[PDB]
C-alpha cells in the first residue's frame, strides 16, 4: 500500500506518502486536492482519528477531490485496509441488537431494496473480510467502512441513520 497525497489539483504542490494507517495527517499536509494510489485499498477520513466523511479509494489517479466523492479538500486520517482472501461474510438484521429477520450476505450488493426489499438495516455482524456500506443504491451517498466485528446499531458504523442502499466487499483488482 502507497497513497500519496497532494495539496493542490493535478498532482501539484507539497505532497506526502503513506504505507500504513495514520490517525492524524495534519502535521504532514494542510489540504488535499489530488491523490495517487499506487497500491492497496484505502479508507480516507475527513477528520483525525478516523472520523467524519469516509472515502474508499483503490489504485488509480485522482486529479481532484471530486474524483473520490470528497466533501471538501480535508483528509486528516487514513486506513490501509487489510486484504482478505476467500469468502466475505456478514449478516444483516431487521432490528437493532441483532433482532428481527436475519439475512447473510457474501457478495457485492448494489441494491438491498432490490434483493431484500429493505431500505434500512438496524444492526449487522461482519464475520469475514472488510466491507464498505453505502447510504444509497449502486454505491452512492455516504460511505462507511465495516471491519469484522459487531455493529449492534447503525451508530456503531459512524452513520446518522439506518439507511443502507448497497454493500461492497473490500477487494483489490
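Positions refer to the first chain, counted from 1.
If you average the C-alpha B-factors over 37 to 45 and over 103 to 111, the higher value belongs to 103 to 111.
According to the PDB record, 160 to 168 carries the higher mean C-alpha B-factor of the two stretches 6 to 14 and 160 to 168. Sorting 95, 79, 91, 76 by the CA temperature factor given in the entry leaves 95 at the top. Sorting 130, 67, 125, 54 by the CA temperature factor given in the entry leaves 67 at the top. Residue 87: CA B factor in the middle third of modelled residues in this chain (values from the PDB entry).
Among all modelled residues in this chain, the alpha-carbon of residue 148 has a temperature factor (C-alpha) in the lowest third.
In the PDB entry, residue 63 places in the middle third of its chain by CA B-factor.
Ranked within its chain, residue 31 lands in the lowest third, by CA B factor from the PDB record.
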